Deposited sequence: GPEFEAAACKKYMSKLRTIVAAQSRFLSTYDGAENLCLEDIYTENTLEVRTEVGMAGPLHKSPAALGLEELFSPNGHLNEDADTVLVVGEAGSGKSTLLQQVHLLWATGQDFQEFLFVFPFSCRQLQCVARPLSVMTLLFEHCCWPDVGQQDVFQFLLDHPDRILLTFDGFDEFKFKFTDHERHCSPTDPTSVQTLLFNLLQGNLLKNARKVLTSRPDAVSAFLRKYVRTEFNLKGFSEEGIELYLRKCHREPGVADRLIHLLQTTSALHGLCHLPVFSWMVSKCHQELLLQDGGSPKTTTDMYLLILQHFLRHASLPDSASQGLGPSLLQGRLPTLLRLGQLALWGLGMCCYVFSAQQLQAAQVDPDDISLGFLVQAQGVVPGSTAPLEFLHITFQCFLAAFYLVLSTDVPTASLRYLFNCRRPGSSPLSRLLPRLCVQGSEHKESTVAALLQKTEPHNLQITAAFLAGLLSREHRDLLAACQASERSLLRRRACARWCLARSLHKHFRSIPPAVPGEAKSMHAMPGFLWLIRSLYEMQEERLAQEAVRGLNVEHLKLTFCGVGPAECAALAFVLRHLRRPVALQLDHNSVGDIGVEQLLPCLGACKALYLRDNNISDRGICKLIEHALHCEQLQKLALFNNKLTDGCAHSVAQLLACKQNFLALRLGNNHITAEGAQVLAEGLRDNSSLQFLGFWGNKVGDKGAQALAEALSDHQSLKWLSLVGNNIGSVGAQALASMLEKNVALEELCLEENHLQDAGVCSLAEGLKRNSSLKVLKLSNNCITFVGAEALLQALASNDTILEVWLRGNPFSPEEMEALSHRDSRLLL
């Protein structure tokens, strides 16, 4: 026999493994890379733990894989594969913890609401209090807790009862189980500033990349050629491919592969289409819509009740109160004996369905979905804003023209649908004006855009944007995937004033670029830094850009561009006589790409800013750019920082400085120019009266280089600054430069 603490270790592993293995399909066979990103490269699950404080936060939209991530953390731990530093892992569902109001202690939490030790309960708990650094607790769906002012009081006792919310507050501070690791998953709304005081690391979960989707479908589909054919479908059906970047949609696609592969279209395009397809699928396991209508309305009523009550787990009494019989439950929407909706998005969908079709819903109540007496209305007002936003988009979608006929089957009279469509339409039409006139609110902007798209009425989008005066649209770090690109394009394409569209730090990808194209003609500037865009994406962007007279700036810092975009870049530079700014830093451009693209730059007259920071254009790259820029009349700023340029390239840039009369700022930090290259440059400055800033930091330059430059600075009175910070100068050489020309910056 073994002591009580080791027995519990083994019990807990056994239970956690058993609860995490499946979701028959094994989670091990199915789990696919879903990258974690941290705000300030991007990390796999394995590095989740690579004040103080002790809490790790995983944030992501609904359906992005947060639950499935935690369940894989559990399975990996319980079977020995990763996270072995923890002797105990305690998984909790926040929506379940919310359902207990009777107070309880840490011991009751761990033992009665997770895993009961067979023997020695008190010894086990003591062991835990004594080794908290070997414990992990996970809390899935933290946004589904209801916190108060009454739950904000200190509580350091592990044995004394209190509210679950007070326990959790104090766990997060380190007042209970100090040094135990915590992992919380949450939707982006309910991460407040009070919480971040106690977070060691905050991660964002965006969804599958384009290759993730492919791996996912290969794991789920082993029958020969089926996965290939689904990938072929996605690569021919862009909007559907874009939806699958969210893991929940990849799941639905996989689930409905038969129906999707039968037709050559019309495939689902919008979010609502996808939810109707999975509804169709479930119904087939039992016109067919009409036949199960009372069920669907009973399910929808419960869903709406749940949302209004912020209740996502229903007890058998709540279920017979809402009146959902066992045939209702068998349909597939309620699961997992207290039940919950298959996913929170199905709760939202079923409530939207109820709002569109139930005779108990007054027309006017729909105004509370869009922000603008009856029980329906009272429920909507108390609903979590992020569930209302989901519900509202589904409502808009169910009321589109595509679905007139489908819904008409369910009614004796269309009068009711007419009234709800008209109301929703009225709200949507004024929603962008309403948004801007109420003074970051841009997540909310995005949901309004989503609802407009779901409605699928071109004219409504046009009305919504009429009279706006958007110049700059900032949507950094906003969860912008491919499908949000489709929604943006649908609305923004009607703008009459060119917009600076800022989508830095999202997951646009190649599919998103494609989906964005229709509104490219409405952009004066497009910022797509840090968005996983490859050569395929930019080549398509550039082809469309050639026909967009207003587009003058493109920024693509930090993507996956290689030399294979160079020809498209050369066309962009040679053919767009309007183009002002191009940022291509932190890609994989080499000397070959730079020589190719440089031909375009030679035939360009208007470009002002060209950025290559972090590529590797090298000597031959620098050479070709320099010769192409020798006669160029507009370029004012060139950056070649960190490009592995040496003396041959410095000679070329120096020969270019002899001829060029417009470049004002030349950024050469972090290369290996050396004294010889700085001598060349210095010669050039003697025949240049236009350059103002030459940056040479971190270039292996010696005092000899500084002397060559100082000599040139004696006969050049146009240059303002020459950066030499971090070069190998002795302290004595540093002292000696300080008395000489002050335009040297050290």
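A.B. asks: Go through the deposited sequence from residue 1 and tell me which stretches lack C-alpha coordinates, in order.
C.D. replies: Missing from the model are residues 1 to 4, 28 to 34, 52 to 63, 74 to 79, 316 to 327, 378 to 386, 423 to 445, 513 to 523.
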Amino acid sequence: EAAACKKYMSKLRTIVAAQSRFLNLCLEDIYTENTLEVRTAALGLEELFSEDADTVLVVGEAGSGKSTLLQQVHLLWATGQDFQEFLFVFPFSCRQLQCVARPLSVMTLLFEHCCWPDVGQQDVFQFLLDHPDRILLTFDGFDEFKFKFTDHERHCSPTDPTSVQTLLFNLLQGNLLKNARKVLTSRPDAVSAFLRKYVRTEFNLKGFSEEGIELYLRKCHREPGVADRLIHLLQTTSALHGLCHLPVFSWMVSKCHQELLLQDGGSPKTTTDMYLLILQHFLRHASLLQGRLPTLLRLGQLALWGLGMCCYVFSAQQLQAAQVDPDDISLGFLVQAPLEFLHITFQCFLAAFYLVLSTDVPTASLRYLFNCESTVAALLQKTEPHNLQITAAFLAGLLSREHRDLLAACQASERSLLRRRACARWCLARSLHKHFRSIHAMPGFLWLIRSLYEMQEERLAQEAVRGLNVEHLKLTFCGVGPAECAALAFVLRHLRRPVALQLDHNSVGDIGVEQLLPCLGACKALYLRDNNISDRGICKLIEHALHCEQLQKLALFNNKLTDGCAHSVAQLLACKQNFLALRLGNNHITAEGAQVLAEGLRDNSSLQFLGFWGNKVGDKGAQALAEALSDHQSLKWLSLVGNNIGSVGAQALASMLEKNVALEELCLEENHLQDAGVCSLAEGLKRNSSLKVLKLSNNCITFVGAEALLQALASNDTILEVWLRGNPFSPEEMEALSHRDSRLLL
From here on, numbers count along this sequence of modelled residues.
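A.B. asks: Name the higher of the two by mean Cα B-factor in the PDB entry, 191 to 199 versus 298 to 306.
C.D. replies: Stretch with the greater average CA B-factor: 191 to 199.
A.B. asks: Averaging C-alpha B-factors over each stretch, which comes out higher, 526 to 534 or 142 to 150?
C.D. replies: The entry gives the higher C-alpha B-factor average to 142 to 150.
A.B. asks: Can you pull the Cα B-factors for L501, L319, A351, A239 from the entry and say which is highest?
C.D. replies: Most elevated C-alpha B-factor of the set, per the entry: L319.
A.B. asks: Between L520, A581, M274, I439, which one tops the list for Cα B-factor in this entry?
C.D. replies: Max CA B-factor in the entry, restricted to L520, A581, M274, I439: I439.
A.B. asks: Quick check for you: using the entry's CA B-factors within this chain, is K206 in the lowest, middle or highest third?
C.D. replies: CA B-factor rank for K206: highest third.
A.B. asks: So where's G60 on the chain's Cα temperature factor ranking, which third?
C.D. replies: Answer is middle: the recorded C-alpha B-factor places it there.
A.B. asks: Which third, lowest, middle or highest, does the CA B-factor of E592 fall in along this chain?
C.D. replies: CA B-factor rank for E592: middle third.
A.B. asks: Name the third of the chain's ranked CA B-factors that contains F169, choosing lowest, middle or highest.
C.D. replies: Ranked within chain, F169 CA B lands in the highest tercile.
A.B. asks: Tell me, lowest, middle or highest third: where does the Cα B factor of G291 rank within its chain?
C.D. replies: Its C-alpha B-factor belongs to the highest third of this chain's values.
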